[PDB]
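Here you'll find one protein chain in two forms, each presented separately as structure tokens under the names structure 1 and structure 2.
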Structure 1
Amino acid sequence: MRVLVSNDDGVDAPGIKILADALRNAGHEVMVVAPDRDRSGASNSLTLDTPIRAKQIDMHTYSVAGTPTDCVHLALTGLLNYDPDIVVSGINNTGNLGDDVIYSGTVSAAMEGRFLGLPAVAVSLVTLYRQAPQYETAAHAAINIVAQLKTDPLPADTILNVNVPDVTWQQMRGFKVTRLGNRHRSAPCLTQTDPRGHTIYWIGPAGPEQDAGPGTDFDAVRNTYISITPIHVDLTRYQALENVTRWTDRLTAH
């Protein structure tokens, strides 16, 4: 199938190169439209106030001086004579798990892909802070997910957030559908003093009160499972609408 591949680590990131190579090996057409530089931990929103510069790097590769969402958006709205069936974003050089996902650049690209009407998959390698990162494994996971989606499509308002354990494929215990975890809640605040004497604050390490037990994406990748979290792209809480609608009439009554 026609795959549009982006990332947020940059168009020259080893992750996206290996992902694209893998996807072509599987028989897929792969256009790559990805940031000129690493924009991990940068804002993810579509650039609207300035024009975006996009140079071509090869016949299948574009380097966009903009966000990952800019990339996919440009890629799907005129930058290419290319109608991809799917958007694959990755492979991220770090995992994107739990409440980090909402602000993940890698995920943002996939979200834009779904915003513009395409099945999208975010792929992140859960590299541990410790040797070379097993991008081949995530790429392996990717080409397998893409294949299954060709014959079995995702629901509407849904992308797949995929996290792959930084191990060989043989060492992978398998695929595991998960919900998003939560490490923010537990993470306390640490008051310390920098060398210049200023008071600084560390977001503390996530305590035991973390939502990282069974069923979470954390728990999966921790136990060497490829985590597949189907996530919203529409943030609207429809379940709370009629309840807020009834709440708002009470609000406006007063």
Structure 2
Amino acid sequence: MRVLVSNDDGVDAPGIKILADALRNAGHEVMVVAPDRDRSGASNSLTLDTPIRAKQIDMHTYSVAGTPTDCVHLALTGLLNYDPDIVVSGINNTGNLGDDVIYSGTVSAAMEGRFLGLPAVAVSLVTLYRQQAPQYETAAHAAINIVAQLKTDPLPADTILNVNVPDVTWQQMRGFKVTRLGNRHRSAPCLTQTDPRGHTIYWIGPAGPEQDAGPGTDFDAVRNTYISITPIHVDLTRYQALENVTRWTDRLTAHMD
């Protein structure tokens, strides 16, 4: 099939190079459009006030000076003469779990893919301890299997998949599981120290034992050497609360003017 590939670490990242090579060996056609450098640390929204620069690296690669949402949007609206069937973002050098997903760069690229009517998948690697080469080939192998399964057995396509792969060899993996998002921000206290000049500074400390990381969550599966799969929303409207708020607003109207 015809696949598009993007990320948020940059076009020169080793994670995006291995992912692309694995797909071509499977018999797919792959185009790549990625940022010129690491974009993590800035806003994810679209640029509308200024024009955007772009240059070509090779016959299959384009470099873009902007956000990862700009990359996917332009590629499907006239930048190229190419009609893909699916969008894949990755592979990230750091995991994306729990309540950190909403502001993730890797996820943002897949989000823009579904807005235009295409199923999308996000893939991350769970590394630890910041000369050991990461197991990128392991994450790539899991990607080519999910894609081939979506081809024959499609999904309702009103959802995107978030995937996290443990940093080990394939022979040590234990299997696949479907999980939910957990929480961690609640159990993070603050700290107080002094700089070399004697001014008070503040740190955000580590997580405590009272965190939501029990059985059923994505945090629990990755610690037991399992691959996590979590379906997430695409529309932030809570429809199951509309009828109640409407009656709540009716009372507010009569109490005022």
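When a residue number appears, read it as a position in the sequence of structure 1, where counting begins at 1. Basically, rigid core = biggest C-alpha set you can superpose within 1.5 Å across the two forms.
- Core-aligned CA deviation for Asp21 between structure 1 and structure 2: less than 2 Å.
- Core-based superposition between structure 1 and structure 2 puts the Cα shift at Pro208 at 2.0 Å.
- Here the two forms are laid over each other by their core, and the C-alpha of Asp100 is off by 0.9 Å between structure 1 and structure 2.
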